[PDB]
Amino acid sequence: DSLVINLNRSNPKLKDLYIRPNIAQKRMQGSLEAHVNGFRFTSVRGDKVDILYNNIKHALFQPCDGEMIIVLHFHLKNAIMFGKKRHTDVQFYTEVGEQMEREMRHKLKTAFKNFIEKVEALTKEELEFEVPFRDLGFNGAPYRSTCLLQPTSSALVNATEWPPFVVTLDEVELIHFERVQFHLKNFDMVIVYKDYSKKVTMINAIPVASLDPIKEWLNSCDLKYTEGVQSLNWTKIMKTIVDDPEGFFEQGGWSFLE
């Protein structure tokens, strides 16, 4: 459906936000307004990006605590098209200013929180912003460099770096830890999905001291894990399973990881 706007209503509005990913060649600011059935971001150039509430899979609030930006991040059910591309993730952030930083952080957190509270009261949809559990975070490299991965109630996320990282916990089949070997400094974490046509998600080079805390968190989520010494070719593995799931589970299925 399309965005429904009531022009006679006072609509919650958050100003001075950068959109990521870009609409234009370079990054662009605008305002995010909460309307009857979705958000509209209007850039300073008048570009409009609409996000319907019922198209939001996860709404994340990343406060600027221990961070240099504050972020509202939307992981979508169905990709939307803007900036000449299809996007499953769209976010809006403000950078903490250049002691005028301590005050600013409080100012920004208050504004974002107040916006969230008003929005959550507008919605027919059970829209709810999730704040990450920073105490349960761990460091690893899903892409090029080490970043902080944080659990939420429903997901494992990083929204401060781009491209973002979002894994829906309910969609995970199992976790497999690789390069778990006597006296290695780090290990790799393989996220396997219940949808076996979906390629696994890697988090590489996690320091070994994080292994037990991660296992405790996984255990609390009822997410099953295994561990082995060798690195596996998950492109081949998932193709093997897809091509013959019956034969795979006839041979004990995922017990080959145990």
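Numbering starts at 1 and follows the sequence shown.
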Looking at residue 98 and residue 99, the deposited sequence has unmodelled residues in between totalling 10 or more
Do the CA atoms of 125-133 or those of 83-91 have the higher mean B-factor in the entry? 83-91
Give the stretch, out of 4-12 and 247-255, with the larger mean C-alpha temperature factor in the deposited entry. 247-255
Of the residues 150, 154, 186, 78, the one whose Cα carries the largest B-factor in the deposited record is 78
Can you tell me which of 176, 113, 73, 102 has the highest Cα temperature factor in the record? 102
Which third, lowest, middle or highest, does the C-alpha temperature factor of residue 169 belong to within its own chain? lowest
Of the three thirds of its chain by CA temperature factor, lowest, middle or highest, which one includes residue 35? middle
Among the modelled residues of its chain, the C-alpha B-factor of residue 182 falls in the third labelled highest
Sorting the chain's CA B-factors, does residue 143 end up in the lowest, middle or highest third? highest
Select lowest, middle or highest to describe the third in which the CA B-factor of residue 24 falls within its chain in this entry. highest
